[PDB]
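In structure tokens, the next block holds one chain alone, the form deposited in one PDB entry.
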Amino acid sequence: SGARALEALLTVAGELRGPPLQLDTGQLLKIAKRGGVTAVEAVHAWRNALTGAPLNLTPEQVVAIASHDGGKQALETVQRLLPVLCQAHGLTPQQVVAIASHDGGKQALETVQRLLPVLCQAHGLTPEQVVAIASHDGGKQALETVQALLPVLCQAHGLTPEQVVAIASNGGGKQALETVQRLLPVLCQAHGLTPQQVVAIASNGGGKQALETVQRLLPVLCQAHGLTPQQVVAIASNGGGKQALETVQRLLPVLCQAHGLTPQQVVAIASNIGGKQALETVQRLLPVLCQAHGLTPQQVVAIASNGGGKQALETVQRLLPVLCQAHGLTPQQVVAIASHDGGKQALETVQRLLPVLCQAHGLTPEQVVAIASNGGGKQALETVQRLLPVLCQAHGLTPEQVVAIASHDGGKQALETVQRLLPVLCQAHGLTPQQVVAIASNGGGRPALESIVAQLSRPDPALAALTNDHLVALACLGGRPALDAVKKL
């Protein structure tokens, strides 16, 4: 009955493509791959209840919840617990989705429910801090561990609640927490690290192995390799962790002696998530990129030194000719696009969309490069392609303004939020569009605009002190953080 079971499964997928979820093939694939057949079936059985009152989940939220080991249990649990978490604990549905959307989401949900009161009332955490702790695989473990260990970590060890939250808020947060508890004294007292440096190391995924590996290799990397404790700390706390540290141990001589890299640029390469992969890839590709592509070593190092640098390097090697000779991009432009986290996605997206953006939207190659040369470049490019025409027709923006909003980290968010909040800002708050554009055209433009609309609607006397124009100027180069900075004085 394998063929009938298969027919049943495909009928289920087909039905999900209809109401109420209207899932696309990508979404189906996501749930299948990450949550399995049981998650696909669970979504199908509960589609009405997940999208209906009292949950009202969007299809994207349903997809995010299902797309994990135990996805079925998470979906089941969200149906039981969301009304209490929202109405009793004061969480928003999106915060609930965030707690739910990990392997073991059911456990983290039951645990936020049980623990949020003690964490906030007795330990002094905010609900947002509790959400951040919960929103990872093993969230239950981290929540219980913070609850158990925050008092010892703060009083006996001197850490702030914020620092404990930082350590706890990664996958394996429990491991990281216990390892800080164990290893904070040695690393400070014996190695002379500050507590903040230890927190900075501990607050990445694999924080525990990173701490243990800093203890293990700090002396040999300094002594036998010539690095400073600072460099070792940067390598350990920049996401590279244990893998990066050990790979620097192995490859530093070869990269310096044979390939001619300074130890500083080797450190720059090691100092991101996937630093091990980046190091190995520079070792492999430095000759080829520097003899048969005329890229300088500086340029290669610059590409390698971001998270997933490996991917960026291989992608540069593959696409540099096509982008230079077919799309008319200069190698410097290709380097600039490559030299961010996710440079691979940005490059591939430029290869795909450059012609479209130049010819259907009239953008010059320089503008396309401008948009592409930030983290999340792919996202920004795709949402300019989507929203350029509507923002010009409906909201009366120029292509320049659209490119400007787009050309920062989070450009996608800033564009979408302009689309969502431009009407009410200008209509109900006699706010000007050039003004809203001004707010949107920085990193954090999104939360800036949102804090603005929050102020105008449910204002806050304390903050209710500046002009619909003074707050504008404030958001315009401090954003949300500036708005909060004033609104606590």
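Definition used throughout: the rigid core is the maximal C-alpha set that superposes within 1.5 Å between two forms. Each residue number is its position in the shown sequence, starting from 1.
Not on display, but discussed next: the form deposited in another entry.
Core-superposed comparison between the shown form and the other one: among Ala380, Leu211, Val316, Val78, the single residue whose C-alpha moves by 2 Å or more is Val78. Once both forms are fitted on their core, the CA shift for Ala326 between the shown form and the other one remains under 2 Å. Comparing the forms between the shown form and the other one on their rigid core, the Cα displacement of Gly52 reaches 2 Å or more. In this overlay on the rigid core, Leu28 has a C-alpha that sits 2 Å or more away from its partner position between the shown form and the other one.
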